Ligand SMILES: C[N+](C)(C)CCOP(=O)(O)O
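Shown below, as structure tokens, is a lone chain in the form deposited without this ligand; questions about how it binds or moves come after it.
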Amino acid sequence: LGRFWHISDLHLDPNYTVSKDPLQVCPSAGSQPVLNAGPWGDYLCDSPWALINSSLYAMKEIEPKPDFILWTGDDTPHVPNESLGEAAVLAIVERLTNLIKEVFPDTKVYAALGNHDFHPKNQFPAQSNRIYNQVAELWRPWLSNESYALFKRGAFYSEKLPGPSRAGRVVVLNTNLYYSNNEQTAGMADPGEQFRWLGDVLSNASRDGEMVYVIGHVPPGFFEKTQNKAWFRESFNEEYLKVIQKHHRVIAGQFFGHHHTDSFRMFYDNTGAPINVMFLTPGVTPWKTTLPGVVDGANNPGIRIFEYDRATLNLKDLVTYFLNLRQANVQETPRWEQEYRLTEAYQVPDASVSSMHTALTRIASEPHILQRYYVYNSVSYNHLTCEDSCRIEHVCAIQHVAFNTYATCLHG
């Protein structure tokens, strides 16, 4: 049994300050007054350094010798572009990179850029640029020569897992190329040729007897905290689905972030068979989202470990840990705790596709399992009851990555 951490959406707010002025605590809160801010963060703000530092040392306490770490990006705060230029973006990515290197000096890390890890935000080019070049330098100890060259061109690459994993590979995507707010890739069918490359990597994996973990920042499909919100342009969503449908037999897991909330996505083939699952890990940042229509969309800080079979990459379990921010802020030191173990929460034997399908069916049919999933969705921040419209928004997002079937499901 191996273990790996998955962390995402740290979103440092460099200017977080415990201030007597509620409008000068954190620029990431915008114009929202931040009353009696605490040292470990605030639900209206992105993460203070103290919180990010606490999260890394919590990971070290829980599992100091993981087989590897997956890090799916989003390092900078939710502020206007004019507040956050290229030098600051790169300095922030470097500071977080250095913290991970300091706390886990002997650990391989597979890192993807998130949509905020660029200036201007979301405008990821399908070609080389100063940010891809400098991040390749920061992540060079983690990249093969081939991956270093690929990263400079498109911020995507693939790496063979080291032993004792028998025959595994991690594929790291730049899914920021597909975000509808990214004007750099408007009108491009296959920006950076990433889909062509991905298919080729996965065909090679089948030839070579390897199983693959696919990671990225922005997921396909819809955001479960609202209705009708997809990040990918429709054509990219369709292409991503086509890749999974063709190559699922070599894909042992998909690991994404961006939402900051804890959910998962099922993939099915045209016979109705479940063929893959994507795990959307929560964020370290607690920041209450400004996405229109989302009420009280904050979360507790979360981190996650997966347990896996080193011989096959089959996922055996996951454990999500959290910091109860409201409690931590009245205490001298933040102490992270176990939120849940997946097999226990859903009463399933492992984290296989069949087990996740069972989890969904229970979420969709048993009130107490729906509510359990819902509480965990915000990392145990919000305990109000998930009522009928909440249920449909979550169930449809989990079940339907495709635009048209998601739309039909929402009619329920």
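Each residue number is its position in the shown sequence, starting from 1.
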Entry-level comparison of average CA B-factors, 31-39 and 50-58, reporting the higher stretch = 31-39
Between 341-349 and 383-391, name whichever shows the higher mean Cα B factor according to the PDB entry.
-> 383-391
According to the deposited entry, which of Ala149, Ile251, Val89, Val135 has the largest Cα B-factor?
-> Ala149
Given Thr261, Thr320, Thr312, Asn174, the residue at which the Cα B factor reaches its maximum = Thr312
C-alpha B factor of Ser365, ranked within the chain: lowest, middle or highest third?
-> highest
Using the B-factor values recorded in the entry, state whether the Cα atom of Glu238 falls in the lowest, middle or highest third among the modelled residues of its chain.
-> middle
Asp269: CA B-factor among chain residues, third -> middle
For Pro191, does the deposited CA B-factor place it in the lowest, middle or highest third of the chain?
-> middle
Based on the entry's values, in what third of the chain does the Cα temperature factor of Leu12 lie: lowest, middle or highest?
-> lowest
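This next part talks about the form deposited with this ligand bound, which is not shown.
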Contact test in the bound PDB entry: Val295 vs this ligand, heavy atoms, 4.5 Å = no
Could you confirm whether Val330 comes within 4.5 Å of this ligand in the bound PDB entry, counting heavy atoms only?
-> no
Can you check whether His247 is within 4.5 Å of this ligand in the bound PDB entry, heavy atom basis?
-> no
Counting only non-hydrogen atoms and a 4.5 angstroms cut-off, does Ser263 reach this ligand in the bound PDB entry?
-> no
At 4.5 angstroms, heavy atoms only, are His6, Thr281 and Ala345 all close to this ligand in the bound PDB entry?
-> no
Only hit among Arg304, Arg233, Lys152, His116 for heavy atom within 4.5 Å of this ligand in the bound PDB entry is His116
Pick the stretch from 312-320, 251-259, 125-133, 238-246 whose residues have a heavy atom within 4.5 Å of this ligand in the bound PDB entry.
-> 251-259
Just give me the residues of 189-204, first to last, that have a heavy atom within 4.5 Å of this ligand in the bound PDB entry.
-> none
